[PDB]
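What follows is one structure encoded as structure tokens, with my remarks underneath.
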Amino acid sequence: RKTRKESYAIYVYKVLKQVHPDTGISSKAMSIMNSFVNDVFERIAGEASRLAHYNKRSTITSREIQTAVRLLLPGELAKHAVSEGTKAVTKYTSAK
Amino acid sequence: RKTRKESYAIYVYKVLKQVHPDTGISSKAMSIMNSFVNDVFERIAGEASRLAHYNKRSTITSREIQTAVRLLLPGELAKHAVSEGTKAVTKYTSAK
Amino acid sequence: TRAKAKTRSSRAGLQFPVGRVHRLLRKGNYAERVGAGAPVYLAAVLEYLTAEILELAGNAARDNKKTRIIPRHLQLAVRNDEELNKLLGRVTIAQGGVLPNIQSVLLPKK
Amino acid sequence: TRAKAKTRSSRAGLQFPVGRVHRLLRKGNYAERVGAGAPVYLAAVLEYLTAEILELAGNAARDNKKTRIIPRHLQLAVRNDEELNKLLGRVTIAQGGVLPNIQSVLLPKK
Amino acid sequence: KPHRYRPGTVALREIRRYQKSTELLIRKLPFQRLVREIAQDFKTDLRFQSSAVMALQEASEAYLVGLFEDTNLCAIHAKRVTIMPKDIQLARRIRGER
Amino acid sequence: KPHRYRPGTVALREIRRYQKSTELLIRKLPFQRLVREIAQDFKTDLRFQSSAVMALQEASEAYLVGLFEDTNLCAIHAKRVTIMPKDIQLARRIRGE
Amino acid sequence: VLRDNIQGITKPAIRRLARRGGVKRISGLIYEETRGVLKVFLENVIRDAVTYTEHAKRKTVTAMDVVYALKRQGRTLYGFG
Amino acid sequence: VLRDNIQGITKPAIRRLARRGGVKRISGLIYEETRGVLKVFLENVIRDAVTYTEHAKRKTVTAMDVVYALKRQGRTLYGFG
DNA sequence: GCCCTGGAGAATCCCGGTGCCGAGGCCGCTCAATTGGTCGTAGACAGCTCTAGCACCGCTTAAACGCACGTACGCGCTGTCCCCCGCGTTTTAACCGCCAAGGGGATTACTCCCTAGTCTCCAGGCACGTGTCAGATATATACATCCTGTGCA
DNA sequence: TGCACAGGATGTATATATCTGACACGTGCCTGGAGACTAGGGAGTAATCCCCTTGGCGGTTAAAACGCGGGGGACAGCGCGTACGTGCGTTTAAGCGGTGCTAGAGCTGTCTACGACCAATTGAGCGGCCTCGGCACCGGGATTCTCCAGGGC
């Protein structure tokens, strides 16, 4: 039995079924999307790491992520991303 | 008094007295040299961190530093830097 | 006794894994500590970006008269959307091709 | 009793601070563990690079009939050395200026 | 009397065709031999994953296509339609590779 | 007959002089006013450090000088000696901006 | 509130920059084009620097903020920190 | 050992690449220049890839090594890892 | 003699029918996320000092600005020729499928050496203070550079 | 009469003298690095499996190569007119120096809420499997675009 590998494939499929229900994806395209998610993750997390170091903090928080998003995304993408993340955090805090 | 700020100025001055015994340096040039050392340190340390993550290891070692130096320096710089670093590590192991 | 398990992704309303993002943040040598809302924020942002790209790619696939999204559709979406082109301007997409573009001085003189 | 303290930099034969480099590596979020020879190697490399740049800059100051190195001399050294130019190809040196380069078609005809 | 397309019609046709396609334009075996030859100078008795050779090919083709785009822009700036080695060299110097 | 230099001698002289010097070539108060006006659109009642404005000026001059070098190369490619807005635009396009 | 401050860059200063860049002859539209290019560059950098300043909960932009922004754009500056 | 393998990148292949680039007319001296440029690019990337492979203590060059080298050179590639 | 147009003719598009292999769903299992609890510290917060950024004024003068002239330079046009393109035929080697052997990547168990963590001790590096010499500036001078009027070979 | 030369003017390099303020050194102190030691897990090492890389062979075509004829694009030469460089006189803020004020950066002391850590339990996510329909390919017919020969104005 081959060793376990992790990918964002099932979540990419879920989002695809939300936005285009009668549409599918090929293996190469799924590989590309997995690479895209990993790249964006690394960019945002590295920027948040650098911000925390610059401010002499030991913790990466929601506002570090917010400032990293504002620094890395181009404009309208940034404001919509900030809206989505704020909404998610508010809902999480309201739940538990 | 003010809080202490670390710099590389005394060490850069030591190396300057080694290479050009009769030459001095101005404060702006010392700032530039401090920035240069911090930049090169950050570059090499980041490359070594990425190498260790790529190879699934928890320790940054001399092997990682040597490989990062090879990746980040052009040609003869890399050759001579690898020679210097190997010399230093051999001397340290001989001493203690 | 112990309550039924809920995922933090379900608590936050996301299709992306909050717990996996938290583990990746903790094991990636970013800071000493990770806050509770940081993985939620990051997973939400990744989901939003994925949805944008997938919507544009599905539109391009519909234009091509295909049901399946392929790298050509991904590249067309990215290069035709300006902000995604800025975000991914240094990325190469395998089997993506290029946009159709001919300079007007090369067209036959009419 | 305990011995007289020796510095790791003196054990290595170096003018750069091995223990300070070790502390920076430990508090910099680069990995979970740092080996013993990593700061030694890193400090040796940093010393070598500083020595190269300072040598070229001191030569450039000597050509100017000056005894103090200034940003202009640093820029002249860096931009005239090919490998150092590659290393610092996208760095701006404050108060360094440019190299004296004029294109040949702009010079007067004989 | 035999049919002849004018000088540039077929070139525009090829432009449209290859801008619509996505497949690789170099031959796989010659590219592989070139890669192995270049790698000889860096280490001996190297083995290559097939996906590694394919990734190298994709990267090289993308690089060359972008370079030719910039070269065409330079040639058009010089009031030409023929691309030239000096156009390649100007593009590489403005990009910052030489 | 009063002395006149020919059209280009003084220009080459200025080239040599300003390639020899290292000082900042823009006036500091106008640059500072420009910086404050631009920052005004991102936050109100912002204060600045003198070193902040000086770093901004140094970066801006370095950028403009490098761009002008690339522009001169393009103009020479077009068999001209005069730089033009088309030359600036082509240089920026090949750079990626 | 400040207005009309891009005209303070002035034609002689743009010409001095072009002389340090090594150019001999300059067109009249170059000055306006250079004003626009400088404005774009400044807007990008100052936006990032104000983002850093607002993260630090400060009302003062610092040389560190400018250096971090320029390093974020791949334009590292030596000599201010 | 292998020799003369740069000539396996042929004139029609360079023509196809130029057509995808939007090029209508190609000079006869373009082909040698493109061969040299390609050799330079490949040498850089393969050097970095073999360095990664040697650090891992492997004899086989992998797609992940190629991807890491391209990412180091600021030429990120999607779809291979 | 120049512009328009209708046929050829080649290429592309569109449609309908077949086969196949890769996407998509299902199933079992195991590893990672969740739950509940503890604890120790990072960070939020209030208070306070004192640095530095802002604002105003007056004066000197460098630098910008506006103007007039003329001269190189950009640009458009025209003519030559040669080189690249389109096409047809021959030759090469890519490509596909298949087969076989072995290197080397990938996994697992085991044990040891290396590194983190702690405590104590102290010397090296930072801030502060002070003095003197390198460099900046003035000034007069000597030399290199440019430009034109002039003459002749 | 178009190409060296003389000579004048202008700018620049060179030498010397004054002066000042920033560099380099000395001092005191404190905090971070070194010495000595323990405990635990990461990684080195050996052994083993099986995948996948390499190497070879043969047949089929697609593609590369080679040659040829001719049109169109590159390039050189020329003429014109205008836009920019050069210099001069007028005007405007820039820079510099003082002063005064206060907002906000920076630091300290307190304490509490939050994130690491741990043990136990379970379901979500991954690997292996199997199946069917989306797409690739083919072939044939319709449409579109290109080009030239021929005739009206």
Side-chain angles (χ1 to χ4, degrees), chain A residues 1-7 10 13 24-27 57-59, chain B residues 1-7 10 13 24-27 57-59, chain C residues 2-3 5-8 17 19-20 22-23 26 32-36 66-68 108, chain D residues 2-3 5-8 17 19-20 22-23 26 33-36 66-68 108, chain E residues 2-11 13 27-30 47-50 80-82, chain F residues 1-11 13 27-30 47-50 80-82, chain G residues 10-13 25-28 58-60, chain H residues 10-13 25-28 58-60:
Chain A
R1 205 176 179 87
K2 313 181 175 58
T3 201
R4 271 170 85 269
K5 289 175 323 321
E6 280 169 6
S7 72
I10 60 167
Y13 211 78
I25 204 160
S26 81
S27 276
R57 290 285 138 93
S58 314
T59 319
Chain B
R1 311 146 70 81
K2 324 294 145 285
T3 50
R4 329 185 319 143
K5 310 191 298 323
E6 312 212 311
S7 71
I10 67 167
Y13 202 80
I25 199 161
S26 82
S27 69
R57 300 233 172 296
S58 322
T59 316
Chain C
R2 174 193 296 211
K6 304 202 252 212
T7 83
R8 290 188 272 163
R20 185 178 293 178
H22 197 222
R23 184 245 304 168
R26 282 195 284 95
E32 167 187 272
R33 298 141 60 82
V34 179
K66 307 272 193 297
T67 87
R68 220 164 276 157
Chain D
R2 78 149 58 174
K6 276 184 280 281
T7 83
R8 283 188 268 163
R20 171 182 293 199
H22 199 192
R23 188 243 311 168
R26 277 198 268 94
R33 300 142 63 88
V34 190
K66 304 297 192 312
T67 69
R68 295 211 271 261
Chain E
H3 189 67
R4 272 215 155 235
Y5 281 118
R6 305 256 292 284
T9 307
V10 195
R13 211 150 76 213
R27 299 292 119 213
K28 284 170 174 40
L29 285 199
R47 277 159 128 70
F48 269 89
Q49 289 201 349
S50 320
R80 290 185 269 101
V81 284
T82 309
Chain F
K1 193 81 166 317
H3 185 74
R4 313 239 331 173
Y5 282 116
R6 270 142 74 78
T9 306
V10 183
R13 191 152 74 216
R27 299 294 125 211
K28 297 181 183 356
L29 287 202
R47 294 166 103 83
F48 274 89
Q49 285 187 4
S50 313
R80 294 187 261 104
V81 286
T82 308
Chain G
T10 73
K11 158 174 148 152
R25 227 159 168 267
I26 308 177
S27 212
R58 285 198 257 87
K59 310 255 201 32
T60 310
Chain H
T10 57
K11 173 214 228 189
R25 222 163 171 269
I26 307 169
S27 185
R58 282 193 260 96
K59 311 217 189 21
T60 302

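Only this structure's heavy atoms are used, side chains among them; waters, hydrogens and symmetry mates stay out. Quick note on labels: first sequence line is chain A, next is B, and so on, each numbered from 1.
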Distance test, side-chain N/O of B/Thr3 to OP1/OP2 of J/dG106, below 4.0 Å: no
Sugar-phosphate, base or nothing in reach of G/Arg25, heavy atoms under 4.0 Å: sugar-phosphate
Check: I/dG86 base within 3.5 Å donor-acceptor of E/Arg4 side chain: yes
Rounded distance in Å - NZ (F/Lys28) to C1' (I/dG53): 18 Å
Rounded distance (Å) that lies between atom P of I/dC146 and atom NZ of F/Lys1: 19 Å
Presence of E/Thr9 side-chain N/O under 4.0 Å of J/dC147 phosphate oxygens OP1/OP2: yes
Pair of N/O donor and acceptor under 3.5 Å linking J/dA120 base with C/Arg2 side chain: yes
Closest-nucleotide ordering on DNA chain I, the 5'-leading residue of E/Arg47 and C/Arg20: C/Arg20
Under-3.5 Å donor-acceptor pair between D/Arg33 side chain and I/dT115 base: no
Comparing B/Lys2 and D/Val34 on DNA chain I - which has the more 5′ nearest nucleotide: D/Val34
Phosphate-side-chain proximity, A/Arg57 and I/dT41, N/O vs OP1/OP2 below 4.0 Å: no
Distance test, side-chain N/O of E/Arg6 to OP1/OP2 of J/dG72, below 4.0 Å: yes
N or O in side chain of C/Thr7 less than 4.0 angstrom from I/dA33 OP1/OP2: no
Sugar-phosphate only, base, or nothing, as touched by F/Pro30 at under 4.0 Å among non-hydrogen atoms: sugar-phosphate
Short side-chain N/O contact from A/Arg4 to OP1 or OP2 of J/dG127, under 4.0 Å: no
Proximal nucleotide (of J/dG104, J/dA94, I/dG74) relative to the F/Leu29 side chain: J/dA94
Distance test, side-chain N/O of H/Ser27 to OP1/OP2 of I/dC84, below 4.0 Å: yes
Any H/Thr60 side-chain N or O less than 4.0 Å from OP1/OP2 of I/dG105: yes
I/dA127 phosphate, OP1 or OP2, under 4.0 Å from B/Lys5 side-chain N/O: yes
Short side-chain N/O contact from F/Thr82 to OP1 or OP2 of J/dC84, under 4.0 Å: no
Sugar-phosphate, base or nothing in reach of D/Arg68, heavy atoms under 4.0 Å: sugar-phosphate
Below 4.0 Å: OP1/OP2 of J/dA64 and any side-chain N or O of E/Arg27: yes
Sugar-phosphate, base or nothing in reach of G/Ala13, heavy atoms under 4.0 Å: nothing
